[PDB]
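Novice:
Number of protein chains: 2
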Amino acid sequence: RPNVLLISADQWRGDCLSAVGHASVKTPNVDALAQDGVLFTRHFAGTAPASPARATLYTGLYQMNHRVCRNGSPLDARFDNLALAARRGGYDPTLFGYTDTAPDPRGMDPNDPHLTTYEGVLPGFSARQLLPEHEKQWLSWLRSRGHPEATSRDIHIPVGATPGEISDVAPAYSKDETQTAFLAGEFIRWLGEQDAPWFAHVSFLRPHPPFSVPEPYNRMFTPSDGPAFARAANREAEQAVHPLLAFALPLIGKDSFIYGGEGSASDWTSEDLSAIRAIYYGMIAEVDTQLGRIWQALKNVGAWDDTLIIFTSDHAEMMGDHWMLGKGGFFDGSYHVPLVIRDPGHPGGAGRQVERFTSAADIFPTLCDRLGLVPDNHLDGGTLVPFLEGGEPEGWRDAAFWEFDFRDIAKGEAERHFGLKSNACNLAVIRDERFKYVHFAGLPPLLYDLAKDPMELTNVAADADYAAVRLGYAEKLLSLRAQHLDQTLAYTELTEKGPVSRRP
Amino acid sequence: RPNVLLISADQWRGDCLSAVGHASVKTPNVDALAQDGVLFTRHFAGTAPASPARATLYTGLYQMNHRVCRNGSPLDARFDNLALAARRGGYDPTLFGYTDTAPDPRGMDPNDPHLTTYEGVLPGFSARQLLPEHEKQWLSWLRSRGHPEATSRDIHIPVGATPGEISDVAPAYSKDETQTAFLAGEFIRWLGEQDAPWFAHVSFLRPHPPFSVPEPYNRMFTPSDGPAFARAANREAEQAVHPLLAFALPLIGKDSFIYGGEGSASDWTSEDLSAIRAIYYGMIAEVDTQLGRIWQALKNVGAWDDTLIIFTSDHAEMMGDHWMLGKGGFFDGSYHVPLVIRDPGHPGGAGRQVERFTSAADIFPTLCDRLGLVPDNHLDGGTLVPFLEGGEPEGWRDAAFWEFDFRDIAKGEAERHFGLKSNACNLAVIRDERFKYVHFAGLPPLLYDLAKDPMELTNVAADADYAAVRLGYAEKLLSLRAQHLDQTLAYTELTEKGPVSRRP
Ligand SMILES: [Cl-]
Ligand SMILES: [Cl-]
Ligand SMILES: [Mg+2]
Ligand SMILES: [Mg+2]
Numbered sequence: 006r007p008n009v010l011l012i013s014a015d016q017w018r019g020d021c022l023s024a025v026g027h028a029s030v031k032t033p034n035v036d037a038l039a040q041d042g043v044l045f046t047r048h049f050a051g052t053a054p055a056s057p058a059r060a061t062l063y064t065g066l067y068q069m070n071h072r073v074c075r076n077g078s079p080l081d082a083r084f085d086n087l088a089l090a091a092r093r094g095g096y097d098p099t100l101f102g103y104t105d106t107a108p109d110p111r112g113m114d115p116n117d118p119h120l121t122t123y124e125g126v127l128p129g130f131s132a133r134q135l136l137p138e139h140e141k142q143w144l145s146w147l148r149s150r151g152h153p154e155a156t157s158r159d160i161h162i163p164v165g166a167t168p169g170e171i172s173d174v175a176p177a178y179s180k181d182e183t184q185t186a187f188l189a190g191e192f193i194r195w196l197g198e199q200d201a202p203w204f205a206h207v208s209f210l211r212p213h214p215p216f217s218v219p220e221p222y223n224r225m226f227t228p229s230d231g232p233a234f235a236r237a238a239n240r241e242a243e244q245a246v247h248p249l250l251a252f253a254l255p256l257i258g259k260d261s262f263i264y265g266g267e268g269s270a271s272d273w274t275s276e277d278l279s280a281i282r283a284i285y286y287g288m289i290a291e292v293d294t295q296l297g298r299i300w301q302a303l304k305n306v307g308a309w310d311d312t313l314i315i316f317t318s319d320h321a322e323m324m325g326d327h328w329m330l331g332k333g334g335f336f337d338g339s340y341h342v343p344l345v346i347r348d349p350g351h352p353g354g355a356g357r358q359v360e361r362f363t364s365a366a367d368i369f370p371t372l373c374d375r376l377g378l379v380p381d382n383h384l385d386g387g388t389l390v391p392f393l394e395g396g397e398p399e400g401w402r403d404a405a406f407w408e409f410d411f412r413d414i415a416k417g418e419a420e421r422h423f424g425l426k427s428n429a430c431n432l433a434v435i436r437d438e439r440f441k442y443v444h445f446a447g448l449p450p451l452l453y454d455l456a457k458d459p460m461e462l463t464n465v466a467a468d469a470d471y472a473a474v475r476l477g478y479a480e481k482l483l484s485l486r487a488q489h490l491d492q493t494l495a496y497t498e499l500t501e502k503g504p505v506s507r508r509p
Numbered sequence: 006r007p008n009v010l011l012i013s014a015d016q017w018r019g020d021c022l023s024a025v026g027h028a029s030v031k032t033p034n035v036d037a038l039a040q041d042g043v044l045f046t047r048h049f050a051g052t053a054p055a056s057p058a059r060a061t062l063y064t065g066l067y068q069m070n071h072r073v074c075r076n077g078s079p080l081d082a083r084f085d086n087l088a089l090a091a092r093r094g095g096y097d098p099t100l101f102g103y104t105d106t107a108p109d110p111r112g113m114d115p116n117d118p119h120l121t122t123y124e125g126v127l128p129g130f131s132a133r134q135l136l137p138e139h140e141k142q143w144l145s146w147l148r149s150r151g152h153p154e155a156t157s158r159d160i161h162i163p164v165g166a167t168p169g170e171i172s173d174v175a176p177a178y179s180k181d182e183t184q185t186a187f188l189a190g191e192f193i194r195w196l197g198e199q200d201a202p203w204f205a206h207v208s209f210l211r212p213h214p215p216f217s218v219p220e221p222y223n224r225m226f227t228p229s230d231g232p233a234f235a236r237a238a239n240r241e242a243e244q245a246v247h248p249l250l251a252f253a254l255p256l257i258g259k260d261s262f263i264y265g266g267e268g269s270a271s272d273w274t275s276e277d278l279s280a281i282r283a284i285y286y287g288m289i290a291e292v293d294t295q296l297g298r299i300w301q302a303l304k305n306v307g308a309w310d311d312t313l314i315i316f317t318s319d320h321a322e323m324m325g326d327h328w329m330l331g332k333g334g335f336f337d338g339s340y341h342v343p344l345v346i347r348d349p350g351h352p353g354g355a356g357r358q359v360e361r362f363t364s365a366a367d368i369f370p371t372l373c374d375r376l377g378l379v380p381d382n383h384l385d386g387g388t389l390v391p392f393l394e395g396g397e398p399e400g401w402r403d404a405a406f407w408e409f410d411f412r413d414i415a416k417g418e419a420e421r422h423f424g425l426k427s428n429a430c431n432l433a434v435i436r437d438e439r440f441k442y443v444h445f446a447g448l449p450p451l452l453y454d455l456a457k458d459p460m461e462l463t464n465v466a467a468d469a470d471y472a473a474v475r476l477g478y479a480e481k482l483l484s485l486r487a488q489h490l491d492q493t494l495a496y497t498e499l500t501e502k503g504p505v506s507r508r509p
């Protein structure tokens, strides 16, 4: 019955929405969706980076169940997902962009090109417009628009600017020529062809790096603007808190954030990071405008009040916090993501803001509930429908839970550095309103008193006065571990009258 | 190349072997196997009751991975096991007795009789002689031996004795007519037909209850004999230690231990339990005799020095300890099991006794190593081959690990009583030489100082002086949970050159 529109925009911070009180950041179209919908203020990714993070999103599972530890980790073919379930509800789930699903290699022919990347399409989606890392479909679209220069990703370098340098200058393409504008247009054309209830997933790359954007967004924000950075006085002191920080922070490269970047991101100053943030803030504004354009096209076709809109991000961005750029680790900056759900079918909950901890694992259970679908296996998340109704679900979680795995199957760098097996190269986070407890399978734990230290700069795990707090969170995490074991078959019992099952 | 003989005898205590220094118990044939083999002194079941315990044994997985929680919990069809692997090594794995495998109901026709019981056969085994709970095959064999009275399981009631009463009188059948004597004979006939390397699993019911045995075993031991019972002064003080004990202990029924038993086992006195133990000790002797008959049969055909023998039990028996009878819970009595491996291929370890912690989860990895087989998925156990070689494996575990789940899918009794969801009706045990830490997903934890309290009667979890010990074991258990997550696909990374994998 309703149309479903799942919109994701990569690497977008949960605190970077004007609707949540950001000083600098301007998100009017997200705000507009939240005015008529439910905004989730404590929404966390299941994990990081893109492939592990998206496996939570699409399967409704914690990394302890989906087992997608890194970009390139296969996702078991046994797992149900929102695309496959959508089809059991009579929809044809359609993709615009990417899912970053490494397929299950088992049984697949060794010569199959699908075995060579993590940039595969999630089973169940029908691809209308694909757009991988190579962006060849966008480049060819630019060529058809009068850009014979659009022959490579080099087109991302701002006009006249030095390759690999932070620049406020706009690239050769316009604001109506970004990958965002391209994908939105492709969605809008497809939307025009619809004559029945539709299911679409639009996956925008931006505000994910390279950090370059056309006019006006490039200069829309001043480097001096923006909130304080949640960081230690210096990089050395920051890294001294935990072995993982000492290992990971020096390895962050410039190439990952600026097109043509060379060397360590450690060579960028507080000023350089502030300049990057100004561009990032503009990039968020560019995606927001495109969302407005999507809202209008929905109204124009008369879909607006028949469409369940879910806007979110896979994982977020550190953006200078803790002298870091990118995703991964255990800090809030990398995991706290936006979530705005506009359900015209539940007007009761319109205008509301939810302060209960929510997970990316909750999206698939929400869709199942709302669309009257039954998942084919255990799910880790819970339905958000009671929050959309304007109420609160019974037995809801009281802390955010997420995981991060830093194993290296291909090169074994982290394993050699730490002197650990690949199965001990991980952490689990339990985070509520007062504390953050990080447990590492093979490194020391971390405990942050968010009341005293909201910036997470003081590890109090070894302080004797926090010993009982540390023990409490360790045992809470132990119950979470035990409760989230796979219940796919464990909720069934074979009796004399045949199988008997329980509903979660 | 070698023959494989996996022998299991249900509900046999690890301390009940004369080779380990038991005062009363007489196990000469197990001792004889151990004299020429490796005996494992700290061997623990992966879990209990029979179906959960056997899933660890056959799949080399901890319950956190196989998810077989209760008798009736399905075992996922995706899992590899010692019988499927044996076929990949050119063997025809043959079964005598039972595996207690509830099949994966998915895709199976709802009218299939296999969906009505947990007493299914493990995939990969070819059944030579089946013997389920109904024992109809043994009853018909008795009829053919001149027992027209053998028309029902009533034949287990001792001659003249009152049904449901502890009796040291022998039943109508002889020592050469037990289920043990029947199955051993069937194995011996099959053994004679072998002309190539063979793979057999002989699964004996005894010393599992009803506690009745023919002459001489019935009176071979005096109730007054036997070691001290590891129990509190009374049942009430026992049950007061933990909510699970207060729930479970009153529910133990007489029918589960004596044929025709009625009412609670709480109505049995210290004397009654000592009488039951005397019969149990005799039942162990009856099984040991049949092992000697098997060892002779192997010598007679010339297989003895070409056969890898693995003798063990699925789980143990409480046998009066903690005022309990049967299996389940968290006490040692229910999980410490025998393990004797005779490998003629490794004479370098013969006569040896191993004191490191071993698991039922280690059997399948051991067979894979020894027989040059590769498992099709992640395994939780480790190869015991380095111990058979006469050495020690590098990076072996410092503590025994086991789990127990008490959910009730069919009736929901435990769930209602405790006010817990089915996913929270479980515990995990971490047990070393000095401490036992039992964490419950939804009940209070337990901490036993085995150095001061080897009988497990004093819970010190709440004592402020043990706070750091409690924290240490909680974080150690957290590390295990993270390391034992499914690595089937997580040890693979999809690269430009295709898949790249790591070996555990
Ligand atoms: Cl600032
Ligand atoms: Cl062979
Ligand atoms: Mg991403
Ligand atoms: Mg058993």
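First to last, the protein sequences are chains A and B. For the first sequence, the residue numbers in the working numbering are 6 to 509. For the second sequence, the residue numbers in the working numbering are 6 to 509. Here a beta-carbon is modelled for each residue, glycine too, at the ideal position from N, C-alpha and C.
#1: Quick one, which of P459/A, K457/A and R421/A has its alpha-carbon nearest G447/A's?
#2: Going by DSSP, what residue range makes up the beta strand (DSSP E) through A466/A?
#3: Using a C-beta cutoff of 8 Å, does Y496/B count as contacting chain C?
#4: Name, please, each residue of chain A whose Cβ falls closer than 7 Å to the Cβ of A479/B.
#5: Chain B partners of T121/A, CB-CB under 8 Å?
#6: Taking 7 Å as the line, does the beta carbon of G231/A fall inside it for any heavy atom of ligand 1?
#7: Under a CB-based cut-off of 8 Å, is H444/B close to chain A?
#8: Rounded to whole angstroms, what's the CA-CA distance from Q68/A to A415/A? Just pull it up for me.
#9: What are the residues that DSSP puts in a beta bridge with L100/B?
#10: With 8 Å set as the bound, which would you pick, yes or no: does the beta-carbon of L490/B sit closer than that to a beta-carbon of chain A?
#11: Suppose you measure from the CA of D15/A to the CA of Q142/A; what does that come to, to the nearest Å?
#12: Taking a cut of 8 Å between CB atoms, which residues from the segment 422-433 of chain B lie near chain A?
#13: Keeping to the same chain, check which residues put their C-beta closer than 6 Å to that of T106/B; ignore five residues upstream and five downstream.
#14: Rounded to the nearest angstrom, what separates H27/A and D20/A at their Cα positions?
#15: How should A237/B be labelled, buried or exposed, when 16 other C-beta atoms within 10 angstroms of its C-beta is the threshold for buried?
#16: So, is the C-beta of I162/A closer than 8 Å to a C-beta in chain B?
#17: Once the 5 residues before and after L378/A are set aside, which same chain residues still bring their CB inside 8 Å of it?
#18: Straight-line CA distance for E241/B to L462/B?
#19: Taking 8 Å as the threshold (C-beta atoms), are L455/A and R439/A in contact?
#20: Answer yes or no: does any C-beta atom of chain B fall closer than 8 Å to that of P370/A?
#21: Output needed for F252/A: all residues of its chain with C-beta closer than 8 Å, excluding positions within five of it in sequence on either side, in chain order.
#22: What are the residues of the segment 89-112 of chain A that lie near chain B, defined by any Cβ-Cβ distance shorter than 9 Å?
#23: Have a look at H489/B, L38/B and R508/B and flag the residue whose alpha-carbon is nearest the alpha-carbon of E498/B.
#24: Hey, does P398/A have any beta-carbon neighbour from chain B nearer than 8 Å?
#25: Just verifying my parser: in three-state terms, what is the DSSP assignment at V342/B?
#26: Determine the closest residue to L44/B out of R402/B, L482/B, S23/B and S217/B, with distance taken between C-alpha atoms.
#27: Indicate whether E408/B and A433/B have their beta-carbon atoms separated by less than 8 Å.
#28: Note the first and the last residue of the continuous beta strand (DSSP E) segment covering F445/A.
#29: Could you tell me whether the Cβ of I414/B comes closer than 8 Å to any Cβ of chain A?
#30: Restricting to Cα atoms, I'd like to know which of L87/B, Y63/B and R83/B is closest to residue 510/B.
#31: Helix, strand or coil for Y453/B per DSSP?
#32: Looking at C-alpha atoms only, which residue of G477/B, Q358/B, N382/B and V390/B is the closest neighbour of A404/B?
#33: Less than 7 Å separating the Cβ of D410/A from some heavy atom of ligand 3?
#34: Which residue's Cα is closest to the Cα of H48/A: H320/A, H152/A and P255/A?
#35: Less than 8 Å between CB atoms is the rule here; does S78/A satisfy it with respect to chain B?
Specialist: This is what the structure gives:
#1: What you label residue 447/A is simply residue 442 of the first sequence in a count that begins at 1. Taking only the C-alpha atoms, the option nearest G447/A is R421/A.
#2: As a position in the first sequence, residue 466/A is number 461, starting the count at 1. In the DSSP annotation of this structure, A466/A is not part of any beta strand (DSSP E), being labelled neither H nor E.
#3: No chain C is part of this structure, whose protein chains are labelled A and B.
#4: On the second sequence, residue 479/B is found 474 positions in, with the first residue counted as 1. Going along chain A in sequence order, the residues near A479/B (Cβ under 7 Å) are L476, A479, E480 and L483.
#5: Indexing the first sequence from 1 puts residue 121/A at position 116. Neighbours of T121/A on chain B, chain order: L499, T500, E501, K502 and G503.
#6: Against the first sequence, residue 231/A aligns to sequence position 226. Correct: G231/A has its Cβ closer than 7 Å to ligand 1.
#7: Stepping through the second sequence from its first residue, residue 444/B is reached at position 439. Yes, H444/B counts as interfacial toward chain A.
#8: Residue numbering aside, residue 68/A sits at position 63 when the first sequence is read from its first letter. Residue numbering aside, residue 415/A sits at position 410 when the first sequence is read from its first letter. Distance between the alpha carbons of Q68/A and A415/A: 20 Å.
#9: Within the second sequence, numbered from 1, the residue matching residue 100/B stands at position 95. For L100/B, which the question treats as bridged, DSSP gives the partners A132/B and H206/B.
#10: Position 485 of the second sequence, counting from 1, holds the residue named residue 490/B. Yes, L490/B counts as interfacial toward chain A.
#11: Stepping through the first sequence from its first residue, residue 15/A is reached at position 10. Stepping through the first sequence from its first residue, residue 142/A is reached at position 137. About 19 Å.
#12: Only those residues of the segment 422-433 of chain B whose C-beta falls short of 8 Å from the nearest C-beta of chain A are listed: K426, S427, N428, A429, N431 and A433.
#13: Your numbering for residue 106/B matches position 101 in the second sequence. Counting only Cβ-Cβ distances below 6 Å, and skipping sequence neighbours, we find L80, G125 and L127.
#14: Mapped onto the first sequence, residue 27/A falls at position 22. Mapped onto the first sequence, residue 20/A falls at position 15. Taking the straight line joining both Cα atoms gives about 7 Å.
#15: In the second sequence, residue 237/B corresponds to position 232, counting from 1. Residue environment: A237/B is assigned as buried (16 or more neighbouring CB atoms within 10 Å of its CB, all protein chains considered).
#16: To locate residue 162/A, count along the first sequence from 1; it is residue 157. By the rule that beta-carbons nearer than 8 Å mark a contact, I162/A does not touch chain B.
#17: As a first step, residue 378/A must be located in the first sequence, where it is residue number 373. Excluding residues within five positions, the ones whose Cβ falls inside 8 Å are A90, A91, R93, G94 and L372.
#18: Translated into positions along the second sequence, residue 241/B becomes position 236. Translated into positions along the second sequence, residue 462/B becomes position 457. C-alpha separation (whole angstroms): 13 Å.
#19: As a position in the first sequence, residue 439/A is number 434, starting the count at 1. As a position in the first sequence, residue 455/A is number 450, starting the count at 1. Against a cut-off of 8 Å, the Cβ pair of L455/A and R439/A comes out as a contact.
#20: Residue 370/A sits at position 365 when you count from the first residue of the first sequence. Judged by the 8 Å Cβ criterion, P370/A is not in contact with chain B.
#21: As a first step, residue 252/A is located in the first sequence; it is residue number 247 there, counting from the start. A419, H422 and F423.
#22: Taking 9 Å as the cut-off between beta carbons, the residues of the segment 89-112 of chain A near chain B are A107, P108, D109, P110 and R111, in sequence order.
#23: Taking the first residue of the second sequence as position 1, residue 498/B is located at position 493. Nearest C-alpha to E498/B: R508/B.
#24: The residue given as residue 398/A occupies position 393 in the first sequence. Chain B has no Cβ within less than 8 Å of the Cβ of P398/A.
#25: Residue numbering aside, residue 342/B sits at position 337 when the second sequence is read from its first letter. Note: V342/B maps to coil in three-state DSSP.
#26: Translated into the one-based positions of the second sequence, residue 44/B becomes position 39. For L44/B, the nearest C-alpha among the options comes from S23/B.
#27: On the second sequence, residue 408/B is found 403 positions in, with the first residue counted as 1. On the second sequence, residue 433/B is found 428 positions in, with the first residue counted as 1. Yes.
#28: Stepping through the first sequence from its first residue, residue 445/A is reached at position 440. From DSSP, the beta strand (DSSP E) with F445/A extends over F440 to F445.
#29: For this step, residue 414/B is matched to residue 409 along the second sequence. Interface with chain A (8 Å Cβ-Cβ cutoff): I414/B is included.
#30: Here chain B comprises residues numbered 6 to 509, so residue 510/B is not present and cannot be evaluated.
#31: Walking along the second sequence from the start, residue 453/B turns up at place 448. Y453/B: strand per DSSP, three-state reduction.
#32: Along the second sequence, read from residue 1 onward, the residue named residue 404/B stands at position 399. Residue nearest to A404/B within the set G477/B, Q358/B, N382/B and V390/B is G477/B (criterion: CA-CA distance).
#33: Position 405 of the first sequence, counted from the start, is the residue given in the question as residue 410/A. No, the Cβ of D410/A stays beyond 7 Å of every heavy atom of ligand 3.
#34: Here residue 48/A refers to the residue found at position 43 when the first sequence is read from its first residue. Nearest option by C-alpha distance: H320/A.
#35: Reading the first sequence from its first residue, position 73 is the one you call residue 78/A. Chain B contact via Cβ: present.
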